[PDB]
Amino acid sequence: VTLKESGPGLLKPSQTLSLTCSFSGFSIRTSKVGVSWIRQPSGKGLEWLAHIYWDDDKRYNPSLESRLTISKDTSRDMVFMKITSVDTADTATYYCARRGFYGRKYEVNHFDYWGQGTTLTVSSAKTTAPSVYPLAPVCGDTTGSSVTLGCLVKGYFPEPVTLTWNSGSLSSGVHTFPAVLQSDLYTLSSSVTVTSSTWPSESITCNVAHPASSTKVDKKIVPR
Amino acid sequence: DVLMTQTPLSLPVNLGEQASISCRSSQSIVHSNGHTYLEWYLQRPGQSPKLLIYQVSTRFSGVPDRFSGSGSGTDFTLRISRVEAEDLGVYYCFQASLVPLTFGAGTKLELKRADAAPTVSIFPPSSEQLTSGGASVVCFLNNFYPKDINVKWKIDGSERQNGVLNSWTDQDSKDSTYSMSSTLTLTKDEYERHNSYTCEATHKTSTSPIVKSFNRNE
Ligand code: NA
Ligand code: NA
Ligand SMILES: [Zn+2]
């Protein structure tokens, strides 16, 4: 038994999300299983969206129901979900889950198989290369036995970027933070901590690549 | 609707110890058919959720016997007798008796370790960003434990809540600490009107505020 979700990846606000869950290893028709869609908004837990039973009866989460339509095509072994008028808050991983049971105590049902999920990001942005800013400490913060430098990667779309320090030769002492979507664009940051005898006497540079915009930039951290 | 309340929301353990997670529903979740559709799901990092327990107390196929569930009506408990590395992740209770079917908020099963004070570093805007008309101030708070921390920006002594973007790392796989980044984004003109920029943290490792500051003109 395998489930696999597919969807658009990226949508602009107001567009309709069309999701498909494709089943294999068993027949939807024969099994009498129900199928739900569940999502995980960015930074949130799981939320149940909609359910379709073997007989095409349907149930929805009233928090979202006005925007939702679940359907099925048993001849293709597929279940579908439409969500109208998408906006930022619909940015989530969407999961299909089978409501199975031991065959056939129908009352004893539960979500036994889940798909790998399909990611959606909702944004008005076009592909946008990052602005990469070197972060140097004020002079008074350079007097200790170690020093922390940073790199701020602001205003790009879509994910991902890759960030390294000194082309990957500086890997210890690094903290690279998960990207966050805000105002339609991503921001990421990274810090690196070295001994005071390492910097500024040796150069330290952050390297940032953004495959979608075909961009790659190096930024030396200059002392203030 | 049925609100599912899980307690605690973060559960630090040592591997080999017992773990217990509470799930309380706002009303009875016994279906008219006499079944209690209370289920527990685990989502490990990078994976989809997986079923552990259904009908309050029944283990799903493949689920080790160190997992058990109990409860009745409105009060439910998941127990892990001896926590393994592969058990780490987020646990959700779920009720399917009443529509909308609802999940608890999640419980992150994580590792215990000794407390560790954050290394806090603050950064003025770069000249590059200033020339484009913006001004981001960045504070990193690195390698701390426990994860509970309060971070506040102050500009000339006044708390600034708007314009902030925070990000956090997962618990470190080697040292079990947490790290955080906070960025306060202003306009260049606003940045240049103000003098003193402060990142203030409250963490159990210090009896007083942990403060890092700079002056725009230093
Ligand atoms: Na029954
Ligand atoms: Na001001
Ligand atoms: Zn209610």
Side-chain angles (χ1 to χ4, degrees), chain A residues 3 36 38 40 44-49 51 59-65 93 95 97 99-100 102 107-117 131-141 146-150 152 154-155 175-180 182 187-191 193 219 222 224, chain B residues 1 6 31 33-35 37 39 41 43 47-51 53-55 58 60-61 90 92 94 96 99-106 119-129 132 134 136 138 140 142-143 164-170 172 179-183 185 212-215 218:
Chain A
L3 327 196
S36 282
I38 295 142
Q40 183 162 41
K44 304 296 187 197
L46 305 175
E47 168 169 75
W48 169 80
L49 299 175
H51 190 73
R59 296 288 191 282
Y60 296 98
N61 194 147
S63 65
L64 303 162
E65 186 174 0
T93 301
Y95 295 104
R99 195 82 190 168
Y102 177 94
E107 291 189 303
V108 186
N109 58 77
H110 38 251
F111 292 125
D112 53 356
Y113 291 86
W114 294 62
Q116 201 171 52
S131 299
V132 178
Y133 300 127
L135 310 171
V138 295
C139 301
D141 287 340
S146 64
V147 59
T148 296
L149 315 177
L152 176 58
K154 194 153 174 300
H175 293 277
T176 297
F177 294 86
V180 173
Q182 197 175 267
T187 299
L188 174 146
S189 59
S190 180
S191 69
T193 302
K219 301 292 167 136
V222 178
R224 293 167 74 76
Chain B
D1 49 345
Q6 291 180 228
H31 185 104
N33 72 9
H35 291 244
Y37 292 92
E39 292 140 37
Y41 296 90
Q43 184 169 37
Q47 301 181 197
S48 303
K50 71 188 170 189
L51 182 58
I53 299 282
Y54 60 90
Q55 300 229 186
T58 299
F60 186 58
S61 77
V90 182
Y92 294 96
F94 178 64
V99 170
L101 317 183
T102 49
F103 289 95
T119 296
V120 179
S121 300
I122 193 172
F123 297 90
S126 66
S127 310
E128 293 101 314
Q129 187 183 22
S132 71
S136 297
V138 180
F140 295 110
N142 288 341
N143 300 110
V164 180
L165 181 152
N166 296 327
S167 188
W168 292 265
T169 51
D170 301 328
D172 187 271
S179 296
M180 179 178 177
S181 172
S182 183
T183 300
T185 298
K212 288 298 216 86
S213 307
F214 68 89
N215 192 298
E218 82 176 278

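Just the heavy atoms: all of them, side chains too, but no hydrogens, waters or symmetry mates, feed the values below. In what follows, chains carry the letters A, B, and so on, assigned in the order in which the sequence lines appear, proteins first and then strands, with residues in each chain numbered from 1.
- Interface summary for chain A: among B:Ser132, B:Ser126, B:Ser136, the most heavy-atom pairs under 4.5 angstrom belong to B:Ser126.
- The shortest non-hydrogen separation linking B:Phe103 to A:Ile38 is CE1-CG2, 4.1 Å.
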> side-chain hydrogen bond (donor to acceptor under 3.5 Å, both in side chains) between A:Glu107 and B:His35: does it pass, once the steps are laid out?
Replying inline: CA-CA 8 Å; A:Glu107 291 189 303; B:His35 291 244; 2.9 Å; yes

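- Atom OG1 of B:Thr185 and atom CG of A:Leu152 lie 7.0 Å apart (nearest 0.5 Å).
- Contacts of A:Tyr95 with chain B are made by side-chain atoms alone, with heavy-atom separations under 4.5 Å and no backbone atom involved.
- When each of A:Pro134, A:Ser131, A:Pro62 is scored by its heavy-atom pairs under 4.5 Å with chain B, the top score falls to A:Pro134.
- Note on B:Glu128 versus A:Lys154: no salt bridge recorded, every NZ/NE/NH1/NH2 to OD/OE distance being 4.0 Å or above.
- When each of A:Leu135, A:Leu149, A:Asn61 is scored by its heavy-atom pairs under 4.5 Å with chain B, the top score falls to A:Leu135.
- Of all heavy-atom pairs between A:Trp48 and B:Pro100, the closest is CZ3-CA, 3.8 Å.
- For chain A, the nearby part of B:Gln47 is the backbone; its heavy atoms alone come within less than 4.5 Å.
- B:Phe214 places none of its side-chain heavy atoms less than 4.5 Å from the side chain of A:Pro137.
- Of the atoms belonging to B:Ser121, it is side-chain heavy atoms, and not backbone ones, that fall under 4.5 Å from chain A.
- Contacts between A:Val222 and chain B at a heavy-atom distance below 4.5 Å are absent for every atom of the residue.
- When heavy atoms are compared at a cutoff of 4.5 Å, A:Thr176 approaches chain B solely by way of its backbone atoms N, CA, C and O.
- Comparing A:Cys139, A:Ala179, A:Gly45, A:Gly140 by how many heavy-atom pairs each has under 4.5 Å with chain B, the most go to A:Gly45.
- Rounded to the nearest 0.5 Å, atoms CH2 (A:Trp114) and CD (B:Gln43) are 8.0 Å apart.
- Shortest non-hydrogen contact noted between A:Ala136 and B:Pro124 is O-CD, 3.6 Å.
- Taking both residues in full, the closest heavy atoms of A:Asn109 and B:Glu39 are given as O-OE2, 3.8 Å, listed atom of the first, atom of the second, then distance.
- Remark: side-chain polar atoms of B:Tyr41 are paired, donor with acceptor, to backbone N or O of A:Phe111 under 3.5 angstrom.
- The distance from atom CG of A:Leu188 to atom OG of B:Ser167, rounded to the nearest 0.5 Å, is 7.5 Å.
- Using a 4.5 Å cut-off between heavy atoms, B:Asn166 touches chain A through its backbone atoms (N, CA, C, O) alone.
- Counting heavy-atom pairs closer than 4.5 Å to chain A, the top-ranked of the candidates B:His31, B:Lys212, B:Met180 is B:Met180.
- With a threshold of 4.5 angstrom between heavy atoms, B:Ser127 does not approach chain A through any atom at all.
- How far OG of B:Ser48 is from OH of A:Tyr113: 14.0 Å, rounded to the nearest 0.5 Å.
- For a residue to count as touching a neighbouring chain, one of its non-hydrogen atoms must lie under 4.5 Å from one of that chain's; by this rule A:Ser63 does not touch chain B.
- Aromatic ring centres of B:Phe140 and A:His175 lie farther apart than the 6.0 Å criterion allows.
- Contact between A:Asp112 and B:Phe60 at its shortest, heavy atoms only, is CB-CZ, 3.5 Å.
- With chain A as partner, the option from B:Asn143, B:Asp1, B:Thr183, B:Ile122 having the largest number of non-hydrogen pairs under 4.5 angstrom is B:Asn143.
- Of all heavy-atom pairs spanning A:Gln40 and B:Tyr92, the tightest one is NE2-OH, 3.4 Å.
- Counting heavy-atom pairs closer than 4.5 Å to chain B, the top residue among A:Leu49, A:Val108, A:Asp141 is A:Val108.
- When each of B:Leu165, B:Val99, B:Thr58 is scored by its heavy-atom pairs under 4.5 Å with chain A, the top score falls to B:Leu165.
- Neither the backbone nor the side chain of B:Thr102 has a heavy atom closer than 4.5 Å to any heavy atom of chain A.
- Here B:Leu101 is the residue among B:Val138, B:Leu101, B:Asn215 with the most heavy-atom pairs under 4.5 Å with chain A.
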> Please walk me through it: do A:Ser191 and B:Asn142 pass side-chain hydrogen bond (donor to acceptor under 3.5 Å, both in side chains)?
Replying inline: CA-CA 9 Å; A:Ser191 69; B:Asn142 288 341; 3.0 Å; yes

